[PDB]
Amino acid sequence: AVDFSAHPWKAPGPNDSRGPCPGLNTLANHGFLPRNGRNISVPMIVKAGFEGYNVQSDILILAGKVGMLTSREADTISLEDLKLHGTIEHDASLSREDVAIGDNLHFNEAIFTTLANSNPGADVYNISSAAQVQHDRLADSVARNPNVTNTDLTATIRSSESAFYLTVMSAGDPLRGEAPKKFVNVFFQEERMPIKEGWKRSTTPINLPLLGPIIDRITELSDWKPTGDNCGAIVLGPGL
């Protein structure tokens, strides 16, 4: 049971911390996480992701504790902290620029155009369109960023993020790996749950067993290859 009327969307104020993740930013914009985007713990993320999206603790504990590395605090982050390049934040994002050549934090409409224009002739994004977008975004980074980092780990994270927008913003069973364009576009562009537009929280739990085959299929269709060393080493904290 969750009451979305008790969780209205509100635009972030000037002192509200927001990060590179539309998932967490949207939860904050609805007060499932603190609207100020600060002093956020893994337990808070677990609860917020469950209440807002029906995303389960398996993925949120795993990703959450990696995310905690990005702050200087014992057990919390600000959402903006997650911009730390090379922990989770990576090149060839769907809606942000690469840090070496631009802003790796804020939503960018020109970057988002690739996703927005994907799956022409359908009213949904799906696994094949998501894979094509990942292929095109990586090619863009390889072309324009001489410092691009593209590893097994970044590629897996990227497919996980695509799987997230396909599942959390779904109309039908998230298993199907497709989501209305109208829902996904609001998610990214406004960091809002598209309630007025007809979206409802999944009644099916979204967990690693559900996401895994979607992730693997997106990767397979994306015609991916590693770059350089292919070293999957994360940055372990800020300012090292």
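Note that residue numbering follows the sequence shown and begins at 1.
- Per-stretch averaging of Cα B factors for 138 to 146 and 89 to 97 places 138 to 146 on top.
- Averaged over Cα atoms, the B-factor as recorded in the entry is higher for 181 to 189 than for the other of 181 to 189 and 60 to 68.
- Within the listed group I215, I206, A171, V46, the record reports its top CA B-factor for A171.
- The residue among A110, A74, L84, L79 whose C-alpha atom has the highest B-factor in the PDB entry is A110.
- Among the modelled residues of its chain, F32 has a C-alpha B-factor that falls in the middle third according to the deposited record.
- Among the modelled residues of the chain, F50 sits in the middle third by CA temperature factor in this PDB entry.
- Annotation for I195: C-alpha temperature factor in the highest third relative to the rest of the modelled chain, per the entry.
- Ranked within its chain, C21 lands in the lowest third, by CA B factor from the PDB record.
- In the PDB entry, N119 places in the highest third of its chain by CA B-factor.
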